[PDB]
>>> print(open('run.cif').read())   # mmCIF, C-alpha atoms
data_run
loop_
_atom_site.label_atom_id
_atom_site.label_comp_id
_atom_site.auth_asym_id
_atom_site.auth_seq_id
_atom_site.Cartn_x
_atom_site.Cartn_y
_atom_site.Cartn_z
CA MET M 1 -6.73 15.91 24.05
CA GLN M 2 -2.98 15.08 23.89
CA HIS M 3 -2.75 11.58 25.29
CA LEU M 4 -5.66 10.05 23.21
CA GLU M 5 -3.01 9.13 20.57
CA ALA M 6 -0.77 7.07 22.90
CA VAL M 7 -3.83 5.45 24.59
CA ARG M 8 -5.31 4.21 21.24
CA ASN M 9 -1.76 3.13 20.22
CA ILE M 10 -1.60 1.00 23.43
CA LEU M 11 -5.05 -0.61 22.90
CA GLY M 12 -4.18 -1.06 19.18
CA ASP M 13 -1.12 -3.06 20.36
CA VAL M 14 -2.63 -5.04 23.30
CA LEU M 15 -6.10 -5.71 21.81
CA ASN M 16 -4.34 -5.80 18.40
CA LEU M 17 -6.47 -3.41 16.27
CA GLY M 18 -3.35 -2.51 14.24
CA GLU M 19 -4.87 0.14 11.92
CA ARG M 20 -8.39 0.27 13.54
CA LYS M 21 -6.86 2.10 16.57
CA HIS M 22 -5.86 4.95 14.21
CA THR M 23 -9.35 5.41 12.58
CA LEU M 24 -11.09 6.02 15.98
CA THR M 25 -11.01 9.41 17.82
CA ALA M 26 -11.52 10.71 21.42
CA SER M 27 -15.36 10.89 21.25
CA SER M 28 -15.29 7.33 19.73
CA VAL M 29 -16.23 4.38 21.96
CA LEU M 30 -13.84 1.64 23.22
CA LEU M 31 -15.92 -0.61 25.55
CA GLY M 32 -18.46 -2.22 23.14
CA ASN M 33 -16.96 -0.68 19.94
CA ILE M 34 -13.76 -2.76 20.19
CA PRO M 35 -14.60 -6.56 19.86
CA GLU M 36 -11.28 -7.36 21.63
CA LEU M 37 -12.02 -5.23 24.76
CA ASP M 38 -12.82 -8.13 27.21
CA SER M 39 -12.17 -9.35 30.88
CA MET M 40 -8.36 -10.09 31.16
CA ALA M 41 -7.95 -7.78 28.13
CA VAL M 42 -9.10 -4.71 30.23
CA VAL M 43 -6.58 -5.77 32.94
CA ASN M 44 -3.89 -5.98 30.24
CA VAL M 45 -4.56 -2.48 28.74
CA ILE M 46 -4.59 -0.89 32.30
CA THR M 47 -1.14 -2.42 33.02
CA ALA M 48 0.10 -1.14 29.62
CA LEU M 49 -1.16 2.46 30.43
CA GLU M 50 0.88 2.30 33.71
CA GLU M 51 4.02 1.18 31.76
CA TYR M 52 4.11 3.77 28.89
CA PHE M 53 2.97 6.83 30.95
CA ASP M 54 5.20 5.70 33.92
CA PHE M 55 2.42 6.38 36.50
CA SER M 56 -0.42 4.57 38.33
CA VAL M 57 -4.20 5.10 37.86
CA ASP M 58 -5.91 4.72 41.30
CA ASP M 59 -8.23 1.66 41.85
CA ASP M 60 -11.16 3.84 43.08
CA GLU M 61 -11.12 5.78 39.72
CA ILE M 62 -10.62 2.72 37.39
CA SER M 63 -14.15 1.63 36.33
CA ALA M 64 -15.93 0.20 33.24
CA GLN M 65 -17.09 3.83 32.73
CA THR M 66 -13.35 4.77 32.39
CA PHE M 67 -13.07 2.69 29.14
CA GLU M 68 -16.38 4.01 27.67
CA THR M 69 -14.53 6.26 25.11
CA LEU M 70 -10.92 7.13 24.09
CA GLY M 71 -11.57 10.67 25.38
CA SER M 72 -12.37 9.25 28.82
CA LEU M 73 -8.91 7.52 29.10
CA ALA M 74 -7.22 10.61 27.57
CA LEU M 75 -8.92 12.95 30.10
CA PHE M 76 -8.15 10.68 33.13
CA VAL M 77 -4.41 10.27 32.33
CA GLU M 78 -4.22 14.06 31.51
CA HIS M 79 -5.69 14.77 35.02
CA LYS M 80 -3.14 12.37 36.62
CA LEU M 81 0.11 13.79 35.16
CA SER M 82 -1.25 17.39 35.71
CA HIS M 83 -2.40 16.83 39.37
#
>>> encode(input="run.cif", output="structure tokens")
Amino acid sequence: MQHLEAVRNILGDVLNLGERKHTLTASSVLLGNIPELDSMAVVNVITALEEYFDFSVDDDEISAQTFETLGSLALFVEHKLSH
């Protein structure tokens, strides 16, 4: 993936992993693996994705299953800007 880097950078800022964002890969988990990935915190990272990639993820494709792994976010945003 391309965008996995900028996604983990975003979550490493918002959820404040700092360096821990940079030791996890695409096939690595976010929801459950990150202790900071919580209720208003998922809202916050979605908003941040919209900002940096200058797009909007559709409501009917944003799920808990979207934040399962870094590769999931990377794939979704790479489908958006391509389609």
>>> closest_residue(input="run.cif", among="M:78, M:64, M:73, M:10", to="residue 31 (chain M)", atoms="only C-alpha atoms")
M:64
>>> closest_residue(input="run.cif", among="M:12, M:20, M:51, M:27", to="residue 74 (chain M)", atoms="only C-alpha atoms")
M:27
>>> closest_residue(input="run.cif", among="M:5, M:38, M:50, M:59", to="residue 24 (chain M)", atoms="all atoms listed in the file")
M:5
>>> residues_around(input="run.cif", residues="residue 65 (chain M)", least_positions_apart="5", cutoff="12 Å", atoms="only C-alpha atoms", output="list in words")
residues 29, 30, 31, 32, 42, 60, 70, 71, 72, 73 and 76 of chain M
>>> closest_residue(input="run.cif", among="M:77, M:6, M:15, M:62", to="residue 45 (chain M)", atoms="all atoms listed in the file")
M:15
>>> atom_distance(input="run.cif", atom1="CA of residue 81 (chain M)", atom2="CA of residue 35 (chain M)")
29.4 Å
>>> residues_around(input="run.cif", residues="residue 9 (chain M)", least_positions_apart="4", cutoff="10 Å", atoms="only C-alpha atoms", output="ChimeraX atom specification")
/M:3-5,13-22
